[PDB]
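Colleague: Pasting a structure here, questions to come.
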Amino acid sequence: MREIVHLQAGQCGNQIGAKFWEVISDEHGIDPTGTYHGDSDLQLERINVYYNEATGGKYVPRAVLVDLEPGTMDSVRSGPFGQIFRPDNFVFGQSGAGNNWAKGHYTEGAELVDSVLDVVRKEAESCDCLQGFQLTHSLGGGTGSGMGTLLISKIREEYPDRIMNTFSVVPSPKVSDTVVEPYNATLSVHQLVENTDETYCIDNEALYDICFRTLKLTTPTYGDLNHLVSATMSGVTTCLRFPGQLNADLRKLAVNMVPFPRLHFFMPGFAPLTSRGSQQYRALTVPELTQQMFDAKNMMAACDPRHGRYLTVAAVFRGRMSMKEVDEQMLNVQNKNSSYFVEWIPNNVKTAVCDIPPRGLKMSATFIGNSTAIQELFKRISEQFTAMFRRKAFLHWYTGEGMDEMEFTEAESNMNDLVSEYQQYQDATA
Amino acid sequence: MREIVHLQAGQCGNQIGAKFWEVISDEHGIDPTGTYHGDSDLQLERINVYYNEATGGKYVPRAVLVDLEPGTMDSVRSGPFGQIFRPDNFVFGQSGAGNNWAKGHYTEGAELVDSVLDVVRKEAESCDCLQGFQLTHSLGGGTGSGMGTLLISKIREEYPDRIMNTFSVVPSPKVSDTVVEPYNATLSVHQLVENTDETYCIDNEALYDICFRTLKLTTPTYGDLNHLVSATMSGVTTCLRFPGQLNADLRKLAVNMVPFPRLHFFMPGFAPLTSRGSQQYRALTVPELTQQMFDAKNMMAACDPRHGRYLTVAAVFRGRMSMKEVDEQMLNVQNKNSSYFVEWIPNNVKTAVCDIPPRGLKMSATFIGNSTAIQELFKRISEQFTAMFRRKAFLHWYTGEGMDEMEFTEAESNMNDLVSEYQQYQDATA
Amino acid sequence: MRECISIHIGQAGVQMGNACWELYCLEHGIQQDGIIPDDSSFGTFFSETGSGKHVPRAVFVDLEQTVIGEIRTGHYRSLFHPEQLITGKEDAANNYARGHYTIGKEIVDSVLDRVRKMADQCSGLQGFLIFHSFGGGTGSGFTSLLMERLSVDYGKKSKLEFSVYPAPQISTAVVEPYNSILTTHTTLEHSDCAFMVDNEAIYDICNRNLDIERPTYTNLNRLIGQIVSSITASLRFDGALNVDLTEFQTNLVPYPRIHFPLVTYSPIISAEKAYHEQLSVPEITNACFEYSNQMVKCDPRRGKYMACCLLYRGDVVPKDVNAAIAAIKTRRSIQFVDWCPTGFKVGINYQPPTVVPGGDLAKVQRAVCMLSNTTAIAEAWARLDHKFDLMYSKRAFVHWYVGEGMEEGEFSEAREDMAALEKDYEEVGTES
Amino acid sequence: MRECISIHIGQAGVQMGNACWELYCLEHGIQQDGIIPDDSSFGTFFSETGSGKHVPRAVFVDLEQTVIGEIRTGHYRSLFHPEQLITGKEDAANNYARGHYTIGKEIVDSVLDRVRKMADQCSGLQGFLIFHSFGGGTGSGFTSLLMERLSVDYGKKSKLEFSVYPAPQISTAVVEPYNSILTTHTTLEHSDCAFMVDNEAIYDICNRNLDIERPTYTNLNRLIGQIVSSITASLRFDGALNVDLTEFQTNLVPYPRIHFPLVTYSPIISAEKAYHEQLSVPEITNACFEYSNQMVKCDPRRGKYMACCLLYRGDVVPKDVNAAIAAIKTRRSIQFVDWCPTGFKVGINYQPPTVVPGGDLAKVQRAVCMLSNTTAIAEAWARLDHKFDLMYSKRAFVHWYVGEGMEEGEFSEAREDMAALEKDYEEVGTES
Ligand SMILES: Nc1nc2c(ncn2[C@@H]2O[C@H](COP(=O)(O)OP(=O)(O)OP(=O)(O)O)[C@@H](O)[C@H]2O)c(=O)[nH]1
Ligand SMILES: Nc1nc2c(ncn2[C@@H]2O[C@H](COP(=O)(O)OP(=O)(O)OP(=O)(O)O)[C@@H](O)[C@H]2O)c(=O)[nH]1
Ligand SMILES: Nc1nc2c(ncn2[C@@H]2O[C@H](COP(=O)(O)OP(=O)(O)O)[C@@H](O)[C@H]2O)c(=O)[nH]1
Ligand SMILES: Nc1nc2c(ncn2[C@@H]2O[C@H](COP(=O)(O)OP(=O)(O)O)[C@@H](O)[C@H]2O)c(=O)[nH]1
Ligand SMILES: [Mg+2]
Ligand SMILES: [Mg+2]
């Protein structure tokens, strides 16, 4: 019933994937070996949403892990939690992508992509109602962009009707861990706009801000940022796993949060995010929880919503919560910040409540926002893309892997139109 | 009641034969000495299908082991399981065949063949209802082709009505353990098409693929490939040995799987084939079992069924299995792959269920498929045959052993017609 | 991770290579006898065997028997497969023509035979590491042969090279301008990126930072081992944001000819001196953007950066890496090119650097290496072309090369090719 | 398995044979005294007796008493039946006519008497193994007699021969062209296939691979024992896909005249050197398809393969054999003939090679031997015909042969027959 199949590509995807299943397995009380030891029956009632089953209680999570070099996956396999995945799911190559989109999309991803579909289809025909696919990758890299966009395009052809949501890392506004991020990112966006139903744009820089600003923990970067991301994506799919007063769904959010086909890039947020030492100095009531969702302090995207206007907003609360407070506060938010919401949409907030909270908490909520302020991000990428491309900065690496500079112009022209479309919805009615 | 007499010729045949009786003796709980120690009574109820009996409980398997040199048979006799065969059955020569078909068919097999029939007839008149003969050999070699085809021709003359199925190793598409495989194979096919009721074409290369691809065991080649083959052929004859809801038979499969007399070369498949370490990460339900039968990953022939179309298909399930699932999945297979089945045959799947599973399992199934994709194999052999024969590559060895080049032309012309016939059944109705 | 082959050429390559493989044995705890004490990382640089003795996946070539003979009889004699250590009969005599035309080709095929037999025994192969010197006959003439041969048989595979670029002022030979320029002409089209290093700069750092007055090549080569170890650490040890071998060329080579990223390393501090230092992430990071810490004696402030790869190592908080890198992007003195807004490439591995026994440098908990590509290096090429023009103007040494089967026009083409390289650098230094 | 007889002719055959039977005793653990220590395999090469002393099923013939006398007084004196060691009174003097017409026929009947008495005492008989040398009187003239005699009395039975084909450049005699060509004329129609070997090639391998600077025939003959042992291992020891004696001729002889498959073996590695090697199945397999590892100094790349038999030995995974062989079929440099798509014959036996005490070669867990038949061998025949034509053109040595009851026209026929052999090879090298 409403089965989801998980895809993770690239080094970032697998690591996020890896911490994505350590959280879910904790919610359902699933031992790393795959043996159930939970306490509440609701965990088993929908355990089939993510986990298959093998006699003896062994629950097999249907994730498909793909990367062009064995490096990262070998770490996951040797991880403490690597004993759970079906060995047949790991799809590993032997020549990783050197951050060039063409290699992971034309010459190297093409050779490995056919193998992955052979593993998706088995996990696709083993589900009685397959709701939609899930994908986690990075635009900047080569494998998360090249093959990720190649794979998302393929699964769109066979499963046009099914949902396909993407949690994707976006290049940071000012810092960069790769030099060719504009080329790779620009090509990736031109390829997602046509295939992906909903995308959750996130960036490390903004997510770094949460670590030291609202939390007080400087030591970790990748062991914990992924855990915030994992909690966020888990919140989105909670309604399909536990009972709720107002149950939501990947299709419900898409309809509510996607006015037009080409405007589907959101920016998530999560709460509560309190430090262990300051937690006892804070109330856990609904009102305060809702206040921090709409502040740029707790936005996992680099774009500040203040500069733009919200088009659609979705909240997915959790735990035993009073639905009156869940609704009075949203009416309060809309009126207080009337300039932050577009007039041509009378209502911009979607609510959903789940009875069971996340592990270690009694209250939580995942924010999903469609704001025109995200156009700044693409606008910025285009500024960087045009500057490098204006002199053919690195095109020789990309042309030499079965590609043409005409595609770059198409990717720049299509990107320019996405920015323009978001800009049209800044004006008010009439 | 429905007795089967086993024939094994050549080095490949005896080794396959040798591991063919180690499996059956395990199913019926027969000690290597020939003493019964089984637990279930059904083992004895049909133990007379393969094993004769001698006072004191000694069960004598009526196999006839023939080879032109004592080498291989001496190994079987000295084997741990060699104490079971009746010493009178071993028919050994003193000058083995040097892989030349003529010697094992005209000059050397002729001298030894009369001795073998003297041993078949005794095992033939000791059976109250003899169903049919069984033969295991190799086309590439000289003894498995020369004398094997000579013997199969003889037993056709005396027992035209009785069934005669052949499990035969076919030359691999690209690798070859002998230089004269086209000459030997081409002559063998021209001689089987007229005598053998059903043939199970298998090749090491495809069977190698199972070892490392679906299983994960690189060390063995011949000690285990023969065991996969032995399990396959055991599945085919299970209905004659154990009770079943829908009992099958060598004649039932022939009728279902042989539309025309000259189209009787199938390609088997077996399931489940899981590695010991990944077995616990897999369900043993009927649906998954049936999925891998129709994929070229689990086909013991080098020919991929995708390039061609199935004419007739037979499944022989085993164990306590729900016949509804056994039947719903086949309807599912036919509709999903409607392009893989010919229209002029409304139904292409034959099912048979046996209550008792194979040793060490609770579920199993042997696939038998008649596909026009097998014409590629003969087409390939003809390409190789015509190239060598175009310049008389090795004819002098074959002509000098009582043979004529006119026979080669007949073998090439008859082979060409077999390829043409399979090609006619690629078109659709009207 | 997948394997990478090391090719050591000339006296510089062989002598430098021995320093490197001392580090690898220490990182993986491999005994000098070749037998590991009584895991998956060493497979990239070491080949397994039925016994416990692993074999390095490297090849040593030198036209002079003297240099390799020291290895063949040293404490690492049992570490190398005897056929890997390839030796000629006579030296190239600091002659590009000899090592490239007459004597280089007599032994070139033998080296390929061992490269193929070693390259074929790996399911995958990232590429080749090549160590040589511009200022030698073997290290410049024989190298060009391998670069050409390795470009055909194994085209479209990475070929990274560490090279001893001629020093600005100091010089241990007289024909460096002729030899150095000639190889650059041939190696420009048959290489991915060259990690230049100057002995003058390394000597300056050693006396300036390591605080030892009397260094030697045995000491410098150990420092050069660190940059190699940090560069290849991502292929052996686990760590967040691993950087593969083929990623360097994409990030640090905007154009096919502009592939000369000078090396930098930090921290280089003596054991006693380190006790008075904190070694924070920004401290080591900011230590690589000053002209007093470079392996090539060129001033970055004279030119402009156009690509930089940072390979952090040890217990590193990437958040600090992000903050430290951001600060460097907002300093007027630090100047990147106009058309490369995205000019960094970070890399982290959870494996602190190891200290060679009796080594000079301290046991740092954390370290960083930079592979910045700067247009200030065009100054070095111009100087080298200036020295070359002074000699060939009077035709002062060509008779040695002409007599070794080398056409006269090669010098003319060599300078003209380098002349275009100067203009190519100049255009990249401006904005259209 | 059934018996096979060994016939050793000439100084080369007798000296080579002693090396072989040292290996057989070691493989089966037979004491040099002939008495086995205090099973079914040795019956093929050893005859049983009421006592524990087994007798080798071989015959030694030499027109010169000197060579065999060493055996008759050596540590193997009690191993051989005294009548097997047949000796003449005077040497053939490197004269084909003497060993074939005048003195060869004086002792030929005596050898047949022992062959018949030894051939009749076996229920079955695979064939004969014959060791001789083209460059001798006994090994070339007397051999031709036995080939003719053994063709009538025992026709239609296998006659395999290992022969010391004349080396390309080195030569231990002056009349090799005359003698070598004459026997080829007579042995072409009375043999199945000849396993040629050249001392020049074996010497080159010994210094190149075995890494011993000063070899001797006592050393080379031990290497030649390995190819014989591996070839005949299938007749003694159990193993998957055993290859019988008569199978070689069918696979490696497309046409009656083209039956000269040059021998190859692998691995030939010294004990100390082997510790630095892995010895994988592909490694040894790919070592046999290079012109640096051949027992006949001919370059396969010059010509084309047309048949190959691979006799693997030891603990071998046939899956790896299938994979390794497949790779060799898809290399442009490796070139098979157009009309033989199926050009391999595999063979495996579960018996690793044994090391002779004090031997040079190591104790390999696994080994392979190839019997490829290549048209590149036509180059050797053409060279031999060229040397023959130089001498007989001036009629420089015929007087020795004519005076020994040899007609003049025999030289004319001998060259014409070899001339047709060249054309026969040429046609097979192309496609119709
Ligand atoms: N860093 C470092 N540089 C070295 C070392 N040995 C030699 N060099 C440099 O090599 C340069 C000259 O090239 P060489 O390597 O000496 O000559 P070659 O490559 O052996 O070629 P030949 O002249 O034929 O011997 C000198 O200017 C040195 O700076 C070393 O051990 N470490
Ligand atoms: N491999 C090998 N070759 C040998 C050995 N002894 C002799 N030969 C070869 O034999 C060739 C000449 O033929 P011989 O065997 O010496 O002469 P022969 O067969 O005894 O005939 P006669 O001249 O009558 O003595 C030489 O060129 C050697 O290469 C040996 O012990 N091992
Ligand atoms: N959140 C998160 N992001 C990561 C992680 N590892 C890498 N990334 C991001 O992924 C990008 C690098 O992509 P990568 O996976 O290495 O490229 P590819 O695998 O070759 O396609 C960088 O911009 C990082 O910011 C991680 O563990 N967590
Ligand atoms: N499956 C299997 N095939 C074998 C075995 N031994 C030999 N073969 C095949 O049989 C062929 C050789 O035939 P062989 O029996 O030696 O020829 P013959 O006995 O002289 O007629 C080869 O192509 C092998 O692939 C075995 O143990 N198992
Ligand atoms: Mg030197
Ligand atoms: Mg002599």
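FYI, nothing fancy with the structure tokens labels: chains A, B, ... in order, residues from 1 per chain, ligands from 1 as they appear.
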Please write out the residues within 9 Å of ligand 5 as an MDAnalysis selection string, counting only C-alpha atoms and all ligand atoms.
Modeller: chainID C and resid 10:12 62:67 90:94 136:139
Colleague: Just N, CA, C and O atoms for this one: save the residues we selected as a compact mmCIF listing (two decimals), in the first residue's frame.
Modeller:
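The file below, out-v7.txt, is the result:
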```txt
# COMPACT_ATOMS: atom_id res chain seq x y z
N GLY C 10 64.75 8.74 -14.17
CA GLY C 10 65.93 9.53 -13.91
C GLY C 10 66.41 9.40 -12.47
O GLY C 10 65.78 8.76 -11.63
N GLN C 11 67.54 10.04 -12.20
CA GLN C 11 68.07 10.04 -10.84
C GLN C 11 67.12 10.73 -9.88
O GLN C 11 66.91 10.27 -8.75
N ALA C 12 66.53 11.85 -10.31
CA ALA C 12 65.57 12.54 -9.46
C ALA C 12 64.37 11.65 -9.15
O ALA C 12 63.96 11.53 -8.00
N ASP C 62 66.19 4.06 -15.15
CA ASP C 62 67.30 5.00 -15.15
C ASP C 62 68.37 4.47 -16.09
O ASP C 62 68.80 3.32 -15.97
N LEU C 63 68.81 5.32 -17.02
CA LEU C 63 69.83 4.93 -17.99
C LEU C 63 71.19 4.70 -17.35
O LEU C 63 72.06 4.11 -18.00
N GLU C 64 71.40 5.14 -16.12
CA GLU C 64 72.66 4.95 -15.41
C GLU C 64 72.44 3.94 -14.29
O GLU C 64 71.55 4.12 -13.45
N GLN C 65 73.26 2.89 -14.28
CA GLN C 65 73.11 1.80 -13.32
C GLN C 65 73.36 2.25 -11.89
O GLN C 65 72.94 1.55 -10.95
N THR C 66 74.03 3.38 -11.69
CA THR C 66 74.51 3.73 -10.35
C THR C 66 73.36 3.99 -9.38
O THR C 66 73.37 3.49 -8.25
N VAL C 67 72.37 4.78 -9.80
CA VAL C 67 71.36 5.25 -8.87
C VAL C 67 70.51 4.09 -8.36
O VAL C 67 70.30 3.93 -7.16
N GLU C 90 74.66 3.11 -19.79
CA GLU C 90 75.36 4.39 -19.77
C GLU C 90 74.36 5.52 -19.56
O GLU C 90 73.20 5.43 -19.98
N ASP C 91 74.83 6.58 -18.91
CA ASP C 91 73.98 7.72 -18.61
C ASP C 91 73.71 8.53 -19.87
O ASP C 91 74.43 8.45 -20.87
N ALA C 92 72.63 9.32 -19.82
CA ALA C 92 72.25 10.17 -20.94
C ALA C 92 73.10 11.43 -21.06
O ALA C 92 73.00 12.13 -22.06
N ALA C 93 73.92 11.72 -20.05
CA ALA C 93 74.89 12.82 -20.12
C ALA C 93 74.20 14.18 -20.23
O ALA C 93 74.63 15.05 -20.99
N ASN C 94 73.13 14.37 -19.46
CA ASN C 94 72.41 15.64 -19.44
C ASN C 94 72.08 16.10 -20.85
O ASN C 94 72.12 17.29 -21.16
N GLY C 136 67.70 17.02 -16.75
CA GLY C 136 68.49 15.83 -16.98
C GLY C 136 68.24 15.28 -18.37
O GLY C 136 67.33 15.72 -19.07
N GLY C 137 69.06 14.31 -18.75
CA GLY C 137 68.87 13.63 -20.01
C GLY C 137 67.83 12.54 -19.90
O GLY C 137 66.90 12.48 -20.71
N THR C 138 67.97 11.68 -18.90
CA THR C 138 66.99 10.63 -18.67
C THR C 138 65.66 11.21 -18.21
O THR C 138 64.59 10.83 -18.70
N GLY C 139 65.71 12.15 -17.26
CA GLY C 139 64.49 12.72 -16.71
C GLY C 139 63.74 13.65 -17.63
O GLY C 139 62.64 14.08 -17.29
```
Colleague: Would you list the residues that come within 9 Å of ligand 1? Count only C-alpha atoms and all ligand atoms and give the answer as a PyMOL selection string.
Modeller: chain C and resi 9-17+19+62-64+67+90-96+98-99+132-142+163-167+170-173+176+197-200+202+216-221+224
Colleague: For the interface of chain A with ligand 3 (cut-off 7 Å, counting only C-alpha atoms and all ligand atoms), please tabulate each contacting residue of chain A alongside its nearest pair of atoms and their separation in Å to one decimal, rows sorted by chain and increasing number, as JSON lines.
Modeller:
```
{"residue": "A:10", "atom": "CA", "partner": "ligand 3", "partner_atom_place_in_ligand_line": "19 (O)", "distance": 3.5}
{"residue": "A:11", "atom": "CA", "partner": "ligand 3", "partner_atom_place_in_ligand_line": "15 (O)", "distance": 3.4}
{"residue": "A:12", "atom": "CA", "partner": "ligand 3", "partner_atom_place_in_ligand_line": "6 (N)", "distance": 3.8}
{"residue": "A:13", "atom": "CA", "partner": "ligand 3", "partner_atom_place_in_ligand_line": "15 (O)", "distance": 6.7}
{"residue": "A:15", "atom": "CA", "partner": "ligand 3", "partner_atom_place_in_ligand_line": "27 (O)", "distance": 5.0}
{"residue": "A:16", "atom": "CA", "partner": "ligand 3", "partner_atom_place_in_ligand_line": "28 (N)", "distance": 5.9}
{"residue": "A:67", "atom": "CA", "partner": "ligand 3", "partner_atom_place_in_ligand_line": "19 (O)", "distance": 6.9}
{"residue": "A:96", "atom": "CA", "partner": "ligand 3", "partner_atom_place_in_ligand_line": "20 (O)", "distance": 6.7}
{"residue": "A:97", "atom": "CA", "partner": "ligand 3", "partner_atom_place_in_ligand_line": "20 (O)", "distance": 5.1}
{"residue": "A:98", "atom": "CA", "partner": "ligand 3", "partner_atom_place_in_ligand_line": "20 (O)", "distance": 6.1}
{"residue": "A:99", "atom": "CA", "partner": "ligand 3", "partner_atom_place_in_ligand_line": "20 (O)", "distance": 4.9}
{"residue": "A:138", "atom": "CA", "partner": "ligand 3", "partner_atom_place_in_ligand_line": "10 (O)", "distance": 5.1}
{"residue": "A:140", "atom": "CA", "partner": "ligand 3", "partner_atom_place_in_ligand_line": "23 (O)", "distance": 5.4}
{"residue": "A:141", "atom": "CA", "partner": "ligand 3", "partner_atom_place_in_ligand_line": "17 (O)", "distance": 3.2}
{"residue": "A:142", "atom": "CA", "partner": "ligand 3", "partner_atom_place_in_ligand_line": "21 (O)", "distance": 3.7}
{"residue": "A:143", "atom": "CA", "partner": "ligand 3", "partner_atom_place_in_ligand_line": "21 (O)", "distance": 2.9}
{"residue": "A:144", "atom": "CA", "partner": "ligand 3", "partner_atom_place_in_ligand_line": "21 (O)", "distance": 3.9}
{"residue": "A:145", "atom": "CA", "partner": "ligand 3", "partner_atom_place_in_ligand_line": "21 (O)", "distance": 6.0}
{"residue": "A:169", "atom": "CA", "partner": "ligand 3", "partner_atom_place_in_ligand_line": "3 (N)", "distance": 6.5}
{"residue": "A:171", "atom": "CA", "partner": "ligand 3", "partner_atom_place_in_ligand_line": "23 (O)", "distance": 6.2}
{"residue": "A:176", "atom": "CA", "partner": "ligand 3", "partner_atom_place_in_ligand_line": "23 (O)", "distance": 6.7}
{"residue": "A:177", "atom": "CA", "partner": "ligand 3", "partner_atom_place_in_ligand_line": "23 (O)", "distance": 5.1}
{"residue": "A:178", "atom": "CA", "partner": "ligand 3", "partner_atom_place_in_ligand_line": "23 (O)", "distance": 6.4}
{"residue": "A:204", "atom": "CA", "partner": "ligand 3", "partner_atom_place_in_ligand_line": "25 (O)", "distance": 6.2}
{"residue": "A:222", "atom": "CA", "partner": "ligand 3", "partner_atom_place_in_ligand_line": "27 (O)", "distance": 4.7}
{"residue": "A:223", "atom": "CA", "partner": "ligand 3", "partner_atom_place_in_ligand_line": "27 (O)", "distance": 7.0}
{"residue": "A:225", "atom": "CA", "partner": "ligand 3", "partner_atom_place_in_ligand_line": "1 (N)", "distance": 5.8}
{"residue": "A:226", "atom": "CA", "partner": "ligand 3", "partner_atom_place_in_ligand_line": "1 (N)", "distance": 5.1}
```
Colleague: List as a list in words the protein and nucleic acid residues near residue 121 of chain C, meaning an atom at most 10 Å away when only C-alpha atoms are counted, but skip any in the same chain fewer than 3 places from it.
Modeller: residues 47, 115, 116, 117, 118, 124 and 125 of chain C; 280, 282 and 283 of chain D
Colleague: Set the distance at 9 Å and use only C-alpha atoms: which residues neighbour residue 426 of chain A once local chain neighbours fewer than 2 positions away are removed? I'd like the list as a PDB file with N, CA and C atoms, in the first residue's frame.
Modeller:
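Wrote it out as around29.pdb, contents follow:
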```pdb
ATOM      1  N   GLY A 308      11.719  37.585  -1.241  1.00  0.00           N
ATOM      2  CA  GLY A 308      10.698  37.163  -2.178  1.00  0.00           C
ATOM      3  C   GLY A 308       9.341  36.983  -1.531  1.00  0.00           C
ATOM      4  N   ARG A 309       8.449  36.259  -2.203  1.00  0.00           N
ATOM      5  CA  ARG A 309       7.103  36.021  -1.701  1.00  0.00           C
ATOM      6  C   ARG A 309       6.781  34.540  -1.805  1.00  0.00           C
ATOM      7  N   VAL A 342       1.732  35.869  -1.862  1.00  0.00           N
ATOM      8  CA  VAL A 342       1.160  36.412  -3.088  1.00  0.00           C
ATOM      9  C   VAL A 342      -0.352  36.494  -2.942  1.00  0.00           C
ATOM     10  N   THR A 372       9.408  32.613  -4.351  1.00  0.00           N
ATOM     11  CA  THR A 372      10.084  33.183  -5.508  1.00  0.00           C
ATOM     12  C   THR A 372      11.485  33.674  -5.175  1.00  0.00           C
ATOM     13  N   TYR A 422       9.759  32.928 -12.360  1.00  0.00           N
ATOM     14  CA  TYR A 422       9.628  33.248 -10.942  1.00  0.00           C
ATOM     15  C   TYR A 422       9.473  34.748 -10.730  1.00  0.00           C
ATOM     16  N   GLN A 423      10.077  35.552 -11.606  1.00  0.00           N
ATOM     17  CA  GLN A 423      10.023  37.000 -11.452  1.00  0.00           C
ATOM     18  C   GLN A 423       8.643  37.557 -11.774  1.00  0.00           C
ATOM     19  N   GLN A 424       7.898  36.899 -12.665  1.00  0.00           N
ATOM     20  CA  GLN A 424       6.573  37.384 -13.039  1.00  0.00           C
ATOM     21  C   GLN A 424       5.618  37.393 -11.854  1.00  0.00           C
ATOM     22  N   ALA A 428       1.544  42.147  -7.764  1.00  0.00           N
ATOM     23  CA  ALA A 428       0.283  41.848  -7.111  1.00  0.00           C
ATOM     24  C   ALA A 428      -0.827  41.698  -8.151  1.00  0.00           C
TER      25      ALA A 428
END
```
Colleague: For chain B against chain D, with a cut-off of 9 Å and counting only C-alpha atoms, what is the closest atom pair and its distance in Å to one decimal for every residue that makes the cut, ordered by chain and number, as a tab-separated table?
Modeller:
```
residue	atom	partner	partner_atom	distance
B:11	CA	D:241	CA	7.5
B:12	CA	D:241	CA	8.1
B:69	CA	D:1	CA	7.4
B:70	CA	D:1	CA	6.2
B:71	CA	D:1	CA	5.0
B:72	CA	D:238	CA	8.2
B:74	CA	D:1	CA	8.7
B:75	CA	D:238	CA	7.4
B:94	CA	D:124	CA	5.9
B:95	CA	D:124	CA	7.0
B:96	CA	D:244	CA	7.9
B:97	CA	D:246	CA	7.8
B:98	CA	D:247	CA	4.4
B:99	CA	D:247	CA	6.4
B:100	CA	D:250	CA	7.2
B:174	CA	D:326	CA	7.4
B:175	CA	D:326	CA	6.2
B:176	CA	D:344	CA	6.1
B:177	CA	D:345	CA	4.5
B:178	CA	D:345	CA	4.4
B:179	CA	D:342	CA	5.1
B:180	CA	D:251	CA	6.8
B:181	CA	D:342	CA	7.4
B:182	CA	D:342	CA	8.0
B:205	CA	D:322	CA	8.3
B:208	CA	D:319	CA	7.0
B:218	CA	D:319	CA	7.5
B:219	CA	D:317	CA	5.9
B:220	CA	D:317	CA	6.3
B:221	CA	D:318	CA	5.9
B:222	CA	D:240	CA	7.1
B:384	CA	D:341	CA	6.3
B:386	CA	D:339	CA	8.8
B:387	CA	D:339	CA	5.2
B:388	CA	D:339	CA	5.0
B:389	CA	D:339	CA	8.4
B:390	CA	D:339	CA	8.0
B:391	CA	D:432	CA	7.6
B:392	CA	D:254	CA	8.4
B:393	CA	D:254	CA	5.4
B:394	CA	D:254	CA	4.9
B:395	CA	D:254	CA	8.3
B:396	CA	D:255	CA	7.3
B:397	CA	D:250	CA	7.0
```
Colleague: Have a look at atom CA of residue 318 of chain A and atom CA of residue 365 of chain A and let me know their distance in Å, one decimal.
Modeller: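 According to the coordinates, atom CA of residue 318 of chain A and atom CA of residue 365 of chain A are separated by 6.0 Å.
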Colleague: Counting only C-alpha atoms, a student should be able to say which residues of chain A come within 9 Å of chain B; what is the right answer, written as a PyMOL selection string?
Modeller: chain A and resi 52-56+58-60+84-88+122+126
Colleague: Could I get the residues of chain C with an atom no further than 8 Å from an atom of chain D, each paired with its nearest atom pair and that distance in Å to one decimal, using only C-alpha atoms, sorted by chain and residue number, as a Markdown table?
Modeller:
```
| residue | atom | partner | partner_atom | distance |
| --- | --- | --- | --- | --- |
| C:48 | CA | D:278 | CA | 7.2 |
| C:49 | CA | D:278 | CA | 4.8 |
| C:50 | CA | D:278 | CA | 6.3 |
| C:51 | CA | D:275 | CA | 7.8 |
| C:53 | CA | D:276 | CA | 7.4 |
| C:54 | CA | D:276 | CA | 7.9 |
| C:55 | CA | D:276 | CA | 6.6 |
| C:80 | CA | D:276 | CA | 7.6 |
| C:81 | CA | D:276 | CA | 5.3 |
| C:82 | CA | D:273 | CA | 7.2 |
| C:121 | CA | D:283 | CA | 7.9 |
```
Colleague: Which polymer residues have any atom within 12 Å of an atom of segment 19-23 of chain A, counting only C-alpha atoms, with same-chain residues fewer than 3 positions away left out, as a ChimeraX atom specification?
Modeller: /A:6-8,12-16,26-34,50-51,60-63,76,79-85,134-136,167,222-235,237,358-360
Colleague: Using DSSP assignments from the backbone, pull out every residue in segment 3-216 of chain D that falls under strand (DSSP E) and give it to me as an NGL selection string.
Modeller: :D and (3-9 or 46-47 or 55-56 or 58-62 or 85-87 or 125-133 or 158-164 or 193-197)
